[PDB]
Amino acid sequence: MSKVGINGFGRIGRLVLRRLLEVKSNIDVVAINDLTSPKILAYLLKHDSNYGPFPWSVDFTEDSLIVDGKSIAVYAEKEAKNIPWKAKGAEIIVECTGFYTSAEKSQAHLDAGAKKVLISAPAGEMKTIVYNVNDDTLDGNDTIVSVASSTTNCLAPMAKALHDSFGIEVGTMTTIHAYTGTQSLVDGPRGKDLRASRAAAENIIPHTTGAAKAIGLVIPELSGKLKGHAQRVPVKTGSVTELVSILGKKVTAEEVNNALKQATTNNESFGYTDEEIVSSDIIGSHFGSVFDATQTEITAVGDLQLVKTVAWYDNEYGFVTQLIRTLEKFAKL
């Protein structure tokens, strides 16, 4: 129950291991499952187009990685129920494949002899945790838990702060979001999301996301009160979420900013800036969300007020630092 396996050694999977080693975690990654050879997983861990060289040694054998001198078994089981997690005693699986985003599906890791699963994505009605918003809802008896999306991790601490300070009566969100591997390099079939079939680095691409709609799992009072969507655009990582709200009180911009500032104080998960940053400045962030005071906008006509608030997020590494906080707590229950 400090021994971990990773299913899906992709962008998130590899950064999970990077982060665990960065914080000198007591968690022990003993096994990795993907679809490929150790050779290829080794090369991918060693060379990262977004974060540069792996800061530890990486080698491999025909069935393992050796990362900073320590051996990690590598399996290639496309069906999670066949992953031999018991061989090295992997107890908590960090599920990062995208193919097991529900209770029913991730049960397969427990049938395969793990005790717990932390899914790196929304997964329906199950405990969904944004760290430093609702991580106190985790419980010793939880075996399958979600950390939602990157987008949820960015939205939630902002929504929580506005909710606690002013009340959110209704709101809508748009994230301007880096492209991800669910999109396409060249125009071509991508299941049945038509917009996902289009070349991701050459287009602005609207895309659905549940971040707003499922916010009730993280902040129950906001349940049903938000909606939203993304526009996927050609940056490799680093994204930004705008929320437009009718609040429960009349406010000034200074007041909103000051409230947010207070909520980020002593908060390892939720950062604040008033610097004129742009997306690349978020890359490598150790926050799940960085509230940007410079973009706060209050639109007012007589009685009526609309409030736009904006937070940056590194949808890869930043979200990953959240996934790890949640994992470290999950392992100790």
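Position 1 is the first residue in the sequence shown; the rest follow in order.
* Asked: Of 21-29 and 8-16, which one has the bigger average CA B-factor?
  -> It is 21-29 that shows the higher mean C-alpha B-factor.
* 40-48 versus 55-63: which one carries the higher mean Cα B factor per the record? -> The stretch with the larger average C-alpha B-factor is 55-63.
* Between 202, 187, 242, 139, let me know which has the highest C-alpha B-factor in the entry? => That would be 139.
* Given 172, 223, 153, 182, the residue at which the Cα B factor reaches its maximum -> Comparing C-alpha B-factors across 172, 223, 153, 182, the maximum falls on 223.
* Asked: Based on the entry's values, in what third of the chain does the Cα temperature factor of residue 198 lie: lowest, middle or highest?
  -> Within its chain, residue 198 is a lowest-third residue by C-alpha B-factor, going by the deposited values.
* Would you mind checking where the Cα B-factor of residue 265 ranks among the modelled residues of its chain, as the lowest, middle or highest third? => According to the entry, residue 265 has a C-alpha B-factor in the chain's highest third.
* Asked: Based on the entry's values, in what third of the chain does the Cα temperature factor of residue 293 lie: lowest, middle or highest?
  -> Within its chain, residue 293 is a lowest-third residue by C-alpha B-factor, going by the deposited values.
* When the modelled residues of the chain are sorted by Cα temperature factor, does residue 301 land in the lowest, middle or highest third? -> Highest third.
* Asked: With respect to C-alpha B-factor, does residue 209 fall in the lowest, middle or highest third of the chain as deposited?
  -> For residue 209, whose C-alpha B-factor we compare with every modelled residue in the chain, the answer is the highest third.
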